[PDB]
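Just the one chain here, laid out as structure tokens, in the form deposited in one PDB entry.
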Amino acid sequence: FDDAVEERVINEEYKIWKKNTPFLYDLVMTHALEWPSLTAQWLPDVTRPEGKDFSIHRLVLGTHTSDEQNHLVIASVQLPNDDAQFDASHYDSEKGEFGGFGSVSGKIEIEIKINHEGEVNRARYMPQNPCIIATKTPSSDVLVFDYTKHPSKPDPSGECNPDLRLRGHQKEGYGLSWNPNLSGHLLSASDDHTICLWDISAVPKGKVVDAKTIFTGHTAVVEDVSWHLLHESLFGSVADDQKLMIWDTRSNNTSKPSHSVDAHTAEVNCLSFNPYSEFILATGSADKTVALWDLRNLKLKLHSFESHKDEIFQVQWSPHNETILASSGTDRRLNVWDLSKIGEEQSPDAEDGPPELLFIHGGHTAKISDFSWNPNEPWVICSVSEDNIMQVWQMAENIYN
């Protein structure tokens, strides 16, 4: 009855959102996936076909089906060039400006499906070799696939043939981070209260690899883990114990972190290190806030970003803009924040949120599971929801510029 009453309100608000998209966006593409993806990550490569008004980008996706046909998925996405005529095809519209037919929108196509054992909790590519993808599986195993050592047609036998099997966990999780400074150093967060580290740099890629180190500082489900982008020894973890922990791999004590902070009034689901500001990171929580942190003084939260109406599961810094970050979760909203606007006055403009809230994306009518900033096209985001919708979108230049 409350899922029934919510559903009708959602539809009210979605109709109004579709109304306003030309005003709020420079790009909106919607694609219904065969199955919901729990995960999204842009691959770093773009190809710009010599003669065309679009470039080809790729996404790491996964499936979430309770049948036995789960796939790790690579999809292609055509996006307009910086040099290209702005028209109605940017809003999934083939209407000509002067009647008749205008232009086709960019295409979204499945390039590769690889048999996967259970749903794909999360999938991340290795920075030093984006052909290598790690996955979180319900089994508690982390799987590694080189997607170039597999057919693009999935094996009809239904067998999963991962290039490596990473042991060390007793339960599933979501958190997964590759060390961008030490090739093949992988962290994983688990419902078993532990963080596993593997070094696959030496191993020949179908054997089983045991965890090099297991970190036991948390007393509850570890939700997320992330390496520092500059300091090869430093990583953060967040957990259902409401703690942000900062770890140093040089320490011999794997039971106690370098720093432990009481970060939130509920579970901490996600963290992200600022790729331009080496002291700065953000955490997202079931307390419906994003917290801003300074590694130099973790006693004191710098800021609390408030506007979400439900649990936050993902937070990600803009790869292009040091003041820009985004968050998503169970309220079916993706908020874009500008920390440069903190403390500004506004024209009660002030009625509909704090000044550091740059943009609310209301495109999704189901819970958002994951999202990825396009690293090659500023302000493009891919977001995926539990209903199977994938959206590739870009707020209007006038909103940021």
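Residue numbers here begin at 1 and follow the sequence given. Think of the rigid core as the biggest set of C-alphas that the two forms share within 1.5 Å after superposition.
In the record comparison, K205 is unmodelled in at least a third of the other entries of this protein that model the residues flanking it. Missing-residue comparison: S372 falls in the unmodelled set for none of the other PDB entries checked, so it is not missing from a third of them. In the deposited sequence, the stretch from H150 to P151 has no residues without coordinates, so the chain runs on without a break.
Unmodelled deposited residues between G51 and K52: none, per the record. Higher mean CA temperature factor between 62-70 and 332-340: 62-70, per the PDB entry.
The mean Cα B-factor in the deposited entry runs higher for 43-51 than for the other of 360-368 and 43-51.
Comparing the listed residues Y276, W293, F101, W198, the entry records the largest Cα B-factor for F101. When the C-alpha B-factors of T323, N161, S226, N297 are read from the PDB record, the largest value belongs to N161. The entry lists a Cα temperature factor for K288 that places it in the lowest third of the chain's modelled residues. Sort the chain's modelled residues by C-alpha temperature factor and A84 lands in the highest third, per the entry. Compared with the other modelled residues of the chain, the Cα B-factor recorded for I108 ranks in the highest third. In the deposited entry, the Cα temperature factor of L302 sits in the bottom third of values across the chain's modelled residues. Ranked by C-alpha B-factor against the other modelled residues of its chain, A282 falls in the lowest third.
Not on display, but discussed next: the form deposited in another entry.
Comparing the two forms between this form and the one not shown on the rigid core, the single residue of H169, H218, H308, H71 with a CA shift of 2 Å or greater is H169. In this overlay on the rigid core, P180 has a C-alpha that sits less than 2 Å away from its partner position between this form and the one not shown.
With the core held fixed, the Cα of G329 is displaced between this form and the one not shown by less than 2 Å. Relative to the superposed rigid core, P151 undergoes a CA displacement smaller than 2 Å between this form and the one not shown.
Compared with the form shown here, the Cα atoms of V77 and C160 move at least 3 Å farther apart in that other deposited form. Annotation for the pair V104/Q391: C-alpha atoms approach each other in that other deposited form, by 3 Å or more compared with this form.
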